[PDB]
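In structure tokens, the next block holds one chain alone, the form deposited in one PDB entry.
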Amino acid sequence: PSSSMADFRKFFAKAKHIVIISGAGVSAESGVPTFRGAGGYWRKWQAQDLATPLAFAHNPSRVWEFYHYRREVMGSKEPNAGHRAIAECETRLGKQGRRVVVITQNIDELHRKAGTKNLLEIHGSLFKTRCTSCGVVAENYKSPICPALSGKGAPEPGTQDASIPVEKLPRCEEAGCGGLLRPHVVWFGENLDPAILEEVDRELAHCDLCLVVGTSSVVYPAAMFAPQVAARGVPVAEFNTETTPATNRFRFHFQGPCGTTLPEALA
């Protein structure tokens, strides 16, 4: 694929509807642990070990400790220059009648924190809960999310399970429910919400330029979104620290941290 910033910016100057797909690399550049690839371990595990319905069924306390840790670390994390360039682009183009929408794989809300408004969080959020009894989805920023998790979630190998009884894990506050909450995060083996897929597809089907930023293009179905756009004939530019299995489907590839390349690309 082309690495001509000038040719990319010619498309950018005329694009009326830009889709920006983002993944864990953008979060890693803010120091967010992503628990995938080089993104870290929590105790002896990575995300694919704990972000599953079976893990939560068998050890909901351990899975809650993991997500508790990740919630609490966010207080010290800020959007990076990549997030900011993306948010600034949306704002600037929006005044010109031009649409920018972010479709993110990330669950850390840093695009929101940066001021992105047109945002599809296709895997949910660290800061939402879903009740396993009544299905209600709620925003939750409480620190700690429940008292039993105070001081828990420590990430060092050999840390013992808190083994919090399910009654003392986060519980639904809807009147008359009281069910056990789970993170409102899409886990491996679970499909994405059909309403979110419909919203994704509406943007993919109408965009005239697509950027795929900081993603390894190995998590499906998200990894197929930018290839679908390219197959429609629309230019796709990949901004990533390395090539990926999807790179050769795209019109452009710009190697480097997104905080380095995106401020120039989206100026």
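Between two forms, the rigid core is the largest collection of C-alphas that superpose within 1.5 Å. Start at 1 and count along the sequence shown; that's the residue number.
The discussion below concerns the form deposited in another entry, not included here.
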query	finding
Mobile residue between the shown form and the other one, C-alpha criterion 2 Å or more, rigid core, from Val213, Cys207, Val236, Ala222	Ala222
Rigid core superposition, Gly31 Cα moves 2 angstroms or more between the shown form and the other one	no
Direction of Cα pair change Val186-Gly40 in the other entry, magnitude 3 angstroms or more	closer
Distance trend in the other entry - C-alpha atoms of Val219 and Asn191, change of 3 Å or more	farther
